[PDB]
$ cat data-v1.txt   # compact mmCIF, C-alpha atoms and all ligand atoms
# COMPACT_ATOMS: atom_id res chain seq x y z
CA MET A 1 105.27 82.78 37.69
CA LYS A 2 102.44 84.93 39.00
CA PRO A 3 103.58 86.89 42.07
CA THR A 4 102.79 84.92 45.22
CA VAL A 5 101.07 86.18 48.37
CA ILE A 6 100.17 84.26 51.53
CA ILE A 7 96.93 85.35 53.23
CA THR A 8 96.10 83.87 56.62
CA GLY A 9 92.38 83.37 57.29
CA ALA A 10 91.27 83.61 53.68
CA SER A 11 88.09 81.50 54.17
CA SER A 12 85.98 84.44 55.47
CA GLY A 13 85.58 88.21 55.37
CA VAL A 14 88.52 90.51 54.64
CA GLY A 15 90.92 87.63 53.92
CA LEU A 16 88.51 85.97 51.49
CA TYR A 17 87.81 89.20 49.61
CA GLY A 18 91.49 90.16 49.72
CA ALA A 19 92.25 86.83 48.04
CA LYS A 20 89.53 87.61 45.47
CA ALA A 21 91.01 91.06 44.70
CA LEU A 22 94.59 89.80 44.49
CA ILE A 23 93.57 86.93 42.18
CA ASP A 24 91.91 89.60 40.00
CA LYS A 25 95.19 91.56 39.94
CA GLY A 26 97.13 88.54 38.62
CA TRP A 27 98.53 87.11 41.90
CA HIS A 28 98.75 83.52 43.07
CA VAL A 29 97.16 83.41 46.53
CA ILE A 30 98.14 80.93 49.20
CA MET A 31 94.96 80.55 51.27
CA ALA A 32 96.49 79.68 54.63
CA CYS A 33 93.46 78.33 56.42
CA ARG A 34 92.42 76.00 59.22
CA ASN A 35 89.34 74.43 57.62
CA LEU A 36 90.19 73.00 54.20
CA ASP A 37 86.65 71.87 53.37
CA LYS A 38 85.24 75.33 54.14
CA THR A 39 88.03 77.10 52.25
CA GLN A 40 87.49 75.01 49.12
CA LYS A 41 83.70 75.58 49.32
CA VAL A 42 84.02 79.40 49.56
CA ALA A 43 86.63 79.65 46.83
CA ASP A 44 84.33 77.67 44.50
CA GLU A 45 81.31 79.80 45.59
CA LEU A 46 83.18 82.92 44.38
CA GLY A 47 84.49 81.16 41.26
CA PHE A 48 88.20 81.39 42.14
CA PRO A 49 90.24 79.97 39.27
CA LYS A 50 92.17 76.97 40.63
CA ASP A 51 95.34 77.90 38.72
CA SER A 52 95.54 81.16 40.80
CA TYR A 53 95.42 79.78 44.38
CA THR A 54 96.60 76.99 46.68
CA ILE A 55 94.97 76.00 49.97
CA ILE A 56 97.43 74.98 52.64
CA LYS A 57 96.49 74.00 56.17
CA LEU A 58 97.34 76.52 58.88
CA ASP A 59 96.12 76.57 62.48
CA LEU A 60 97.50 79.73 64.15
CA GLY A 61 96.46 78.36 67.56
CA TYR A 62 99.01 75.58 67.23
CA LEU A 63 102.59 76.67 66.89
CA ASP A 64 103.72 73.42 65.30
CA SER A 65 100.94 73.88 62.72
CA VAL A 66 102.56 77.24 61.85
CA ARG A 67 105.88 75.43 61.35
CA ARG A 68 104.27 72.68 59.20
CA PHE A 69 102.47 75.33 57.12
CA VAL A 70 105.81 76.98 56.34
CA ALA A 71 107.35 73.62 55.35
CA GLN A 72 104.40 72.79 53.07
CA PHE A 73 104.49 76.26 51.51
CA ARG A 74 108.20 75.81 50.73
CA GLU A 75 107.50 72.50 48.93
CA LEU A 76 105.59 74.47 46.25
CA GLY A 77 108.76 76.19 45.07
CA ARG A 78 107.04 79.56 44.70
CA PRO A 79 109.13 82.54 45.79
CA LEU A 80 107.30 84.60 48.46
CA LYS A 81 106.62 88.23 47.46
CA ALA A 82 104.09 89.15 50.16
CA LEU A 83 102.54 87.98 53.41
CA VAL A 84 99.21 89.19 54.86
CA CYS A 85 98.57 88.42 58.54
CA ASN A 86 94.79 88.69 58.42
CA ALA A 87 93.30 85.82 60.48
CA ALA A 88 91.70 86.64 63.80
CA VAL A 89 89.32 85.24 66.41
CA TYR A 90 87.07 87.02 68.85
CA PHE A 91 84.94 85.31 71.57
CA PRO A 92 82.23 87.71 72.63
CA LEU A 93 81.16 87.78 76.26
CA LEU A 94 83.01 84.56 77.03
CA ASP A 95 83.31 84.27 80.77
CA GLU A 96 86.11 81.64 80.91
CA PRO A 97 89.19 81.60 78.64
CA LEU A 98 89.68 79.11 75.82
CA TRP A 99 93.14 77.58 75.39
CA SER A 100 95.33 77.05 72.35
CA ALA A 101 97.11 73.80 71.56
CA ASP A 102 100.08 75.27 73.47
CA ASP A 103 98.01 76.24 76.56
CA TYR A 104 97.97 79.97 75.74
CA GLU A 105 94.80 82.10 75.92
CA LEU A 106 93.21 81.51 72.52
CA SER A 107 92.65 85.14 71.34
CA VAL A 108 96.23 86.24 71.93
CA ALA A 109 97.61 82.83 70.87
CA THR A 110 95.79 82.93 67.52
CA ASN A 111 95.82 86.61 66.63
CA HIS A 112 99.25 87.46 67.85
CA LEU A 113 101.50 84.53 68.83
CA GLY A 114 100.86 82.32 65.78
CA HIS A 115 101.32 85.30 63.46
CA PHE A 116 104.44 86.40 65.38
CA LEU A 117 106.05 83.00 64.76
CA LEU A 118 104.77 82.93 61.16
CA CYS A 119 106.29 86.36 60.40
CA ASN A 120 109.68 85.34 61.82
CA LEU A 121 109.77 82.05 59.88
CA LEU A 122 108.61 83.57 56.59
CA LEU A 123 111.10 86.46 56.82
CA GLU A 124 113.62 83.96 55.33
CA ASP A 125 111.26 83.30 52.41
CA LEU A 126 110.60 87.02 51.79
CA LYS A 127 114.37 87.62 51.91
CA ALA A 128 115.02 84.80 49.38
CA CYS A 129 112.48 86.12 46.89
CA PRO A 130 114.43 88.13 44.25
CA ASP A 131 111.78 90.86 43.70
CA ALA A 132 112.63 94.44 44.62
CA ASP A 133 109.13 95.08 46.01
CA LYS A 134 108.20 92.67 48.83
CA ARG A 135 105.68 93.38 51.62
CA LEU A 136 104.48 92.05 54.94
CA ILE A 137 101.09 93.48 55.86
CA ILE A 138 99.39 93.02 59.26
CA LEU A 139 95.70 93.71 59.81
CA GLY A 140 95.53 96.11 62.75
CA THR A 141 93.52 98.65 64.76
CA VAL A 142 91.83 101.93 63.77
CA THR A 143 94.77 104.15 64.78
CA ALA A 144 98.52 103.71 65.46
CA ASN A 145 97.99 104.91 69.15
CA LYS A 146 82.81 100.85 70.77
CA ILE A 147 82.91 98.39 67.80
CA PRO A 148 81.59 96.75 70.03
CA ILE A 149 84.39 96.40 72.68
CA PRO A 150 84.57 99.55 74.89
CA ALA A 151 87.61 98.46 76.88
CA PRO A 152 91.00 99.79 75.80
CA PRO A 153 93.93 97.38 75.51
CA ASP A 154 96.51 97.36 78.32
CA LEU A 155 99.59 95.19 78.30
CA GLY A 156 100.78 96.44 81.73
CA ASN A 157 104.38 95.24 82.16
CA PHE A 158 103.66 92.00 80.29
CA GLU A 159 103.46 90.16 83.65
CA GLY A 160 101.49 87.32 82.04
CA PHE A 161 104.08 86.93 79.29
CA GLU A 162 106.95 87.17 81.83
CA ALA A 163 105.51 84.32 83.88
CA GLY A 164 105.41 82.17 80.69
CA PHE A 165 101.75 82.81 79.68
CA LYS A 166 100.65 79.19 80.28
CA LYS A 167 97.18 78.31 81.52
CA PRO A 168 95.81 79.36 84.00
CA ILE A 169 97.37 82.74 83.00
CA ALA A 170 94.74 84.36 80.77
CA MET A 171 95.86 87.97 80.03
CA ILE A 172 99.14 89.58 78.90
CA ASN A 173 99.23 91.68 82.12
CA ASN A 174 98.24 88.63 84.24
CA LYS A 175 94.91 90.13 85.41
CA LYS A 176 91.56 88.41 85.20
CA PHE A 177 90.28 87.15 81.83
CA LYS A 178 88.14 89.51 79.78
CA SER A 179 87.39 88.26 76.26
CA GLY A 180 86.85 91.64 74.63
CA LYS A 181 90.00 93.12 76.18
CA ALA A 182 91.89 89.92 75.21
CA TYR A 183 90.96 90.65 71.59
CA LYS A 184 92.06 94.32 71.89
CA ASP A 185 95.33 93.31 73.57
CA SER A 186 96.04 90.89 70.73
CA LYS A 187 95.42 93.54 68.08
CA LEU A 188 97.72 96.01 69.84
CA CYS A 189 100.38 93.25 69.75
CA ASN A 190 99.78 93.01 65.97
CA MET A 191 100.44 96.77 65.67
CA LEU A 192 103.53 96.56 67.88
CA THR A 193 104.78 93.66 65.76
CA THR A 194 104.58 95.76 62.59
CA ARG A 195 106.50 98.57 64.32
CA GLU A 196 109.23 96.11 65.40
CA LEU A 197 109.48 94.29 62.04
CA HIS A 198 110.13 97.66 60.38
CA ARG A 199 112.62 98.78 63.05
CA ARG A 200 114.54 95.49 63.13
CA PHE A 201 114.48 94.52 59.44
CA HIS A 202 113.53 97.23 56.94
CA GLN A 203 117.06 98.64 56.54
CA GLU A 204 118.68 95.18 56.36
CA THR A 205 116.15 93.56 53.95
CA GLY A 206 114.31 96.27 52.00
CA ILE A 207 111.03 94.51 52.82
CA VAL A 208 108.07 96.79 53.45
CA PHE A 209 106.45 96.24 56.88
CA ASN A 210 103.07 97.96 57.28
CA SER A 211 99.76 97.65 59.10
CA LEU A 212 96.24 98.19 57.72
CA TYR A 213 92.84 99.22 59.01
CA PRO A 214 90.51 98.50 56.07
CA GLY A 215 87.39 100.16 57.62
CA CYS A 216 84.51 98.92 59.75
CA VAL A 217 83.76 95.63 57.92
CA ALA A 218 80.48 95.09 59.71
CA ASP A 219 79.14 92.19 57.62
CA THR A 220 81.89 89.71 58.59
CA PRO A 221 81.33 87.02 61.24
CA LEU A 222 83.98 88.51 63.51
CA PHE A 223 81.73 91.07 65.25
CA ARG A 224 78.42 90.16 63.70
CA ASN A 225 76.90 88.24 66.62
CA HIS A 226 78.04 90.79 69.19
CA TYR A 227 76.53 93.62 67.14
CA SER A 228 73.20 91.82 66.70
CA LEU A 229 73.05 91.18 70.46
CA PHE A 230 73.78 94.88 71.12
CA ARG A 231 71.00 95.92 68.66
CA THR A 232 68.60 93.41 70.29
CA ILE A 233 69.12 95.16 73.70
CA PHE A 234 69.49 98.71 72.41
CA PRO A 235 67.09 98.83 69.35
CA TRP A 236 67.73 102.56 69.02
CA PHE A 237 70.22 102.56 66.14
CA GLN A 238 70.42 102.10 62.36
CA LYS A 239 72.30 99.01 61.03
CA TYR A 240 81.20 101.00 57.22
CA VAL A 241 82.83 99.20 54.25
CA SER A 242 81.64 96.17 52.29
CA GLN A 243 83.71 92.96 52.51
CA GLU A 244 84.52 93.35 48.80
CA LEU A 245 85.94 96.89 49.28
CA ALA A 246 87.91 95.90 52.41
CA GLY A 247 89.43 93.12 50.30
CA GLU A 248 90.30 95.59 47.53
CA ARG A 249 92.04 97.75 50.15
CA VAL A 250 94.13 94.73 51.23
CA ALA A 251 95.03 94.19 47.55
CA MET A 252 96.09 97.84 47.17
CA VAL A 253 98.41 97.83 50.21
CA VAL A 254 99.95 94.51 49.03
CA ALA A 255 100.37 95.33 45.33
CA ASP A 256 100.03 99.04 44.45
CA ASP A 257 102.84 101.60 43.92
CA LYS A 258 101.33 104.19 46.29
CA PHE A 259 101.84 101.91 49.33
CA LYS A 260 105.61 101.32 49.10
CA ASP A 261 106.72 103.25 52.23
CA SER A 262 107.55 100.97 55.20
CA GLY A 263 106.73 101.30 58.91
CA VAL A 264 103.35 102.98 58.42
CA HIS A 265 99.75 102.29 59.32
CA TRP A 266 97.28 102.70 56.44
CA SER A 267 93.79 103.63 57.59
CA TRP A 268 90.47 104.42 55.89
CA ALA A 269 93.94 106.27 52.83
CA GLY A 270 95.23 108.12 55.90
CA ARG A 271 98.90 107.41 56.70
CA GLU A 272 100.50 107.28 60.15
CA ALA A 273 104.22 106.62 60.60
CA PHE A 274 105.31 104.79 63.78
CA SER A 275 106.41 104.54 74.84
CA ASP A 276 104.66 102.22 72.37
CA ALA A 277 108.21 101.93 70.97
CA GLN A 278 109.58 100.56 74.29
CA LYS A 279 106.57 98.37 74.91
CA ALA A 280 106.92 97.04 71.35
CA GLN A 281 110.51 95.91 72.01
CA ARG A 282 109.49 94.04 75.19
CA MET A 283 106.46 92.49 73.36
CA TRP A 284 108.95 91.24 70.75
CA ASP A 285 111.56 89.81 73.13
CA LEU A 286 108.96 88.02 75.28
CA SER A 287 107.00 86.73 72.29
CA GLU A 288 110.19 85.11 70.94
CA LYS A 289 110.39 83.08 74.17
CA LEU A 290 106.73 82.12 74.11
CA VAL A 291 106.84 80.79 70.53
CA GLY A 292 110.17 78.98 70.85
CA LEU A 293 112.34 81.18 68.65
CA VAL A 294 115.08 81.31 71.38
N1 LIG B 1 85.54 93.16 60.79
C1 LIG B 1 86.05 94.36 61.08
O1 LIG B 1 85.31 95.33 61.19
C2 LIG B 1 87.52 94.60 61.26
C3 LIG B 1 88.47 93.59 61.16
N2 LIG B 1 89.77 93.84 61.34
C4 LIG B 1 90.75 92.78 61.21
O2 LIG B 1 90.65 92.21 59.91
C5 LIG B 1 91.06 90.85 59.97
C6 LIG B 1 89.98 89.96 59.38
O3 LIG B 1 88.77 90.12 60.13
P1 LIG B 1 87.34 89.63 59.57
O4 LIG B 1 87.42 89.44 58.07
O5 LIG B 1 86.35 90.64 60.08
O6 LIG B 1 87.14 88.23 60.33
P2 LIG B 1 86.33 86.92 59.84
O7 LIG B 1 85.78 86.35 61.10
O8 LIG B 1 85.43 87.21 58.67
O9 LIG B 1 87.53 86.01 59.28
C7 LIG B 1 88.51 85.54 60.17
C8 LIG B 1 89.40 84.56 59.43
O10 LIG B 1 90.44 84.18 60.33
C9 LIG B 1 90.55 82.77 60.30
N3 LIG B 1 91.09 82.12 61.51
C10 LIG B 1 90.57 82.19 62.75
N4 LIG B 1 91.27 81.42 63.59
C11 LIG B 1 92.24 80.84 62.86
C12 LIG B 1 93.30 79.88 63.13
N5 LIG B 1 93.44 79.44 64.39
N6 LIG B 1 94.12 79.52 62.10
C13 LIG B 1 93.95 79.99 60.85
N7 LIG B 1 92.98 80.86 60.53
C14 LIG B 1 92.12 81.29 61.49
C15 LIG B 1 89.10 82.30 60.08
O11 LIG B 1 88.94 80.93 59.71
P3 LIG B 1 87.50 80.16 59.67
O12 LIG B 1 86.90 80.58 58.35
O13 LIG B 1 87.89 78.72 59.77
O14 LIG B 1 86.73 80.65 60.88
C16 LIG B 1 88.66 83.28 59.02
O15 LIG B 1 89.10 82.82 57.75
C17 LIG B 1 91.30 90.54 61.44
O16 LIG B 1 92.71 90.58 61.71
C18 LIG B 1 90.57 91.63 62.19
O17 LIG B 1 91.16 91.94 63.45
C19 LIG B 1 90.26 95.06 61.59
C20 LIG B 1 89.41 96.13 61.68
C21 LIG B 1 87.95 96.01 61.54
CL CL B 2 102.15 80.83 38.16
$ encode --input "data-v1.txt" --output "structure tokens"
Amino acid sequence: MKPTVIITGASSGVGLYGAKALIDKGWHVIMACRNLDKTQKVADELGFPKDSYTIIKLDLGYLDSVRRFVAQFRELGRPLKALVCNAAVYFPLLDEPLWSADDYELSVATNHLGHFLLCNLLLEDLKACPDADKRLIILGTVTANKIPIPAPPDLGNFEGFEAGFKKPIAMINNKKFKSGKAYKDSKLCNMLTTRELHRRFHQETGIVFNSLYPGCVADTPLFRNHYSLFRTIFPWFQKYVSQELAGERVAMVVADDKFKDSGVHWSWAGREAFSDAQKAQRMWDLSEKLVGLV
């Protein structure tokens, strides 16, 4: 069998072009996507050969969808060599929070909590795969420590998580909703998750747990509308990596020999090994409760 990789959010941007690059390298890509009609359309638009991918429904904003995705993946009987947590949402300048299917603020629910559950469930599949080289890659932040969200992340003491994170709670630190900061908070949780996966499981399983910053992928829909609004107001600036190159960088960190060290953040590659350590442990323990692992 072709080596098998799951990519969340493969119907757009980095995920789509990562799928393209991995198909080109001889992998079978599981396009783990929420909109099946869209996903099929875009695969066909790029000429993806149907013998090299499978589309399976996944809605990261619905924890039971995550569980069903895993079950449906397992029915294929393909051993899992790699997982890429790529999917994300961002709601620019959104004054009132949106809610997941589980009544969790939608940015954190989708970007972090769904992935957090997915990683924990699929750890069994990665363990069962007999390959020596198996990898779990999380799409992260620029650095392991503007575009166009000025606000830094701040998880506080996870007061929002501690109180159970249900609506009307809207931020991890239980302060007032800010949609840009909500995105940044979620991405920091992605980075902390990578740190914790490595710490908890690398020695026991041999699986490689790394994070990736592919570059500023300015053409994707994620930040596109925010950037165009910014340029409309401040017309003082010129209009960076292509989607295709960002995808090729995903493919490298999944498949290539140079990227076999675990517990690092690959940035464009620059390499950074991993109080973030203490915060990461708390993020982990509380996230388990929120996603029903305990
Ligand atoms: N763009 C950039 O400059 C940078 C991006 N990143 C990271 O790279 C990753 C990809 O970003 P990018 O390609 O720009 O984003 P895009 O908006 O192009 O793609 C996002 C993907 O995530 C999917 N997705 C969103 N919500 C869900 C859900 N609930 N369930 C399943 N899938 C979902 C989308 O599905 P659908 O097609 O249905 O909308 C889409 O396929 C993200 O993790 C982002 O944080 C990191 C650094 C820079
Ligand atoms: Cl095959």
$ atom_distance --input "data-v1.txt" --atom1 "atom CA of residue A:182" --atom2 "atom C3 of ligand LIG 1 (chain B)"
14.9 Å
$ residues_near_ligand --input "data-v1.txt" --ligand "ligand LIG 1 (chain B)" --cutoff "6 Å" --atoms "all atoms listed in the file" --output "PyMOL selection string"
chain A and resi 8-15+33-35+58-61+86-89+110+139-141+213+215-218+220-222
$ closest_residue --input "data-v1.txt" --among "A:238, A:205, A:54, A:275" --to "ligand CL 2 (chain B)" --atoms "all atoms listed in the file"
A:54
$ residues_around --input "data-v1.txt" --residues "residue A:23" --least-positions-apart "6" --cutoff "12 Å" --atoms "all atoms listed in the file" --output "list in words"
residues 2, 3, 4, 5, 6, 7, 16, 17, 29, 30, 31, 43, 46, 47, 48, 49, 50, 51, 52, 53, 54, 247, 248, 250, 251 and 255 of chain A
$ residues_around --input "data-v1.txt" --residues "stretch 96-107 of chain A" --least-positions-apart "4" --cutoff "6 Å" --atoms "all atoms listed in the file" --output "JSON, numbers by chain"
{"A": [61, 62, 89, 111, 166, 167, 170, 183]}
$ write_last_selection --input "data-v1.txt" --atoms "C-alpha atoms" --output "PDB file, keeping the file's coordinate frame"
ATOM      1  CA  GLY A  61      96.460  78.360  67.560  1.00  0.00           C
ATOM      2  CA  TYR A  62      99.010  75.580  67.230  1.00  0.00           C
ATOM      3  CA  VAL A  89      89.320  85.240  66.410  1.00  0.00           C
ATOM      4  CA  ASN A 111      95.820  86.610  66.630  1.00  0.00           C
ATOM      5  CA  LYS A 166     100.650  79.190  80.280  1.00  0.00           C
ATOM      6  CA  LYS A 167      97.180  78.310  81.520  1.00  0.00           C
ATOM      7  CA  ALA A 170      94.740  84.360  80.770  1.00  0.00           C
ATOM      8  CA  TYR A 183      90.960  90.650  71.590  1.00  0.00           C
TER       9      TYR A 183
END
$ atom_distance --input "data-v1.txt" --atom1 "atom CA of residue A:165" --atom2 "atom CA of residue A:292"
12.8 Å
$ atom_distance --input "data-v1.txt" --atom1 "atom CA of residue A:74" --atom2 "atom CA of residue A:119"
14.4 Å
$ closest_residue --input "data-v1.txt" --among "A:260, A:41, A:271, A:78" --to "ligand CL 2 (chain B)" --atoms "all atoms listed in the file"
A:78
$ residues_around --input "data-v1.txt" --residues "residue A:171" --least-positions-apart "6" --cutoff "9 Å" --atoms "only C-alpha atoms" --output "PyMOL selection string"
chain A and resi 105+108+155+158-161+165+177-178+181-182+185
$ write_last_selection --input "data-v1.txt" --atoms "C-alpha atoms" --output "PDB file, keeping the file's coordinate frame"
ATOM      1  CA  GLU A 105      94.800  82.100  75.920  1.00  0.00           C
ATOM      2  CA  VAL A 108      96.230  86.240  71.930  1.00  0.00           C
ATOM      3  CA  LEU A 155      99.590  95.190  78.300  1.00  0.00           C
ATOM      4  CA  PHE A 158     103.660  92.000  80.290  1.00  0.00           C
ATOM      5  CA  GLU A 159     103.460  90.160  83.650  1.00  0.00           C
ATOM      6  CA  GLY A 160     101.490  87.320  82.040  1.00  0.00           C
ATOM      7  CA  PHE A 161     104.080  86.930  79.290  1.00  0.00           C
ATOM      8  CA  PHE A 165     101.750  82.810  79.680  1.00  0.00           C
ATOM      9  CA  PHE A 177      90.280  87.150  81.830  1.00  0.00           C
ATOM     10  CA  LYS A 178      88.140  89.510  79.780  1.00  0.00           C
ATOM     11  CA  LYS A 181      90.000  93.120  76.180  1.00  0.00           C
ATOM     12  CA  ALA A 182      91.890  89.920  75.210  1.00  0.00           C
ATOM     13  CA  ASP A 185      95.330  93.310  73.570  1.00  0.00           C
TER      14      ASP A 185
END
$ axis_aligned_box --input "data-v1.txt" --around "stretch 193-209 of chain A" --padding-each-side "3 Å" --output "lines of an AutoDock Vina configuration file"
center_x = 111.6
center_y = 96.2
center_z = 58.9
size_x = 20.1
size_y = 11.2
size_z = 19.8
$ closest_residue --input "data-v1.txt" --among "A:71, A:117, A:138, A:191" --to "residue A:289" --atoms "all atoms listed in the file"
A:117
$ closest_residue --input "data-v1.txt" --among "A:144, A:77, A:258, A:39" --to "ligand CL 2 (chain B)" --atoms "all atoms listed in the file"
A:77
